[PDB]
Amino acid sequence: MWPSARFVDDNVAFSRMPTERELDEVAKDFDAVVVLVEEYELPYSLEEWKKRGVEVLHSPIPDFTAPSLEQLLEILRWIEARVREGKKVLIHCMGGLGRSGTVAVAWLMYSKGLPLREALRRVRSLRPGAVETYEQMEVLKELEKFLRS
Ligand code: VO4
């Protein structure tokens, strides 16, 4: 089991970026991956996942930035479709955990219906670094507004 990952539920985990020598480790444990980092900051081609039979969502988010709400909902519908199929899903950015922590928090709100204050508490209990910037928090507040309506 790849110990840098942290699970927010049975099926969805978030982590820093796996390096090349960790790809098999992660392919063993995860069937799908959400890559939040721009192609240019990758030390390998995302075809490394395809050759291992891992499904990839590449939805880049700039460093220290938040996704739009539209981008965040697309990501959540995709994770949901993967978990539906019985796959386990790893979310990662670089090292910061701002972006990945944001998506982790959102997954709890989207899938389990947690209020933002509790989902944020859970994720930050896992990684004190999760959700680093005010725009990240704000897009989560926007998501909550969206779901309650
Ligand atoms: O660029 V971050 O994913 O540490 O907000």
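First residue of the sequence shown? That's 1 in PDB author numbering, and the numbers climb one at a time after it. All C-beta atoms in this analysis are idealised placements derived from N, C-alpha and C, irrespective of residue type, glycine included.
Limits of the unbroken beta strand (DSSP E) element including residue i
| i | result |
| --- | --- |
| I91 | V89 to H92 |
| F64 | Looking at the DSSP string, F64 is not in any beta strand (DSSP E), and its letter there is neither H nor E. |
| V12 | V12 to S15 |
| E20 | Neither: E20 is in no beta strand (DSSP E) and is coded neither H nor E. |
Enclosing alpha helix (DSSP H) for residue i [first to last residue]
| i | result |
| --- | --- |
| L23 | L23 to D29 |
| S45 | Note, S45: premise wrong, no alpha helix (DSSP H); not H, not E. |
| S100 | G98 to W107 |
| residue 198 | Given a span of 1 to 149 for the chain in the structure shown, any question on residue 198 remains unanswerable. |
| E142 | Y134 to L147 |
| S111 | Neither: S111 is in no alpha helix (DSSP H) and is coded neither H nor E. |
Beta-carbon proximity list for residue i, same chain, < 8 Å, skipping 5 on both sides
| i | result |
| --- | --- |
| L114 | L108 and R122 |
| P62 | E38 |
| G95 | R16 and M17 |
Reference residue i; option with closest CA among the options
| i | options | result |
| --- | --- | --- |
| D29 | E55, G101 and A104 | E55 |
| residue 150 | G96, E132, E22 and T102 | Outside the modelled stretch of the chain, which goes from 1 to 149, sits residue 150, for which no answer is possible. |
| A13 | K51, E138 and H92 | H92 |
| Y134 | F7, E41, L69 and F64 | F64 |
| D10 | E142, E80 and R127 | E80 |
| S100 | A27, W49 and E132 | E132 |
| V139 | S111, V103, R124 and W49 | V103 |
| residue 154 | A5, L73 and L90 | For residue 154 there is no data in the structure shown, the boundaries of the chain being 1 and 149. |
Residues of its chain near residue i, where Cβ-Cβ distance is below 7 Å and the 5 sequence neighbours each way are ignored
| i | result |
| --- | --- |
| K87 | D31 and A32 |
| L42 | none |
Distance between beta carbons of residue j and residue i, contact taken as under 8 Å
| i | j | result |
| --- | --- | --- |
| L46 | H58 | 6 Å |
Sequence-distant residues of the same chain with beta carbon closer than 6 Å to residue i, five excluded per side
| i | result |
| --- | --- |
| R124 | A130 |
task: Would you list the residues whose beta-carbon is nearer than 5 Å to any heavy atom of the ligand VO4, in the order they occur in the chain?
output: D63, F64, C93, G96, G98, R99 and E132
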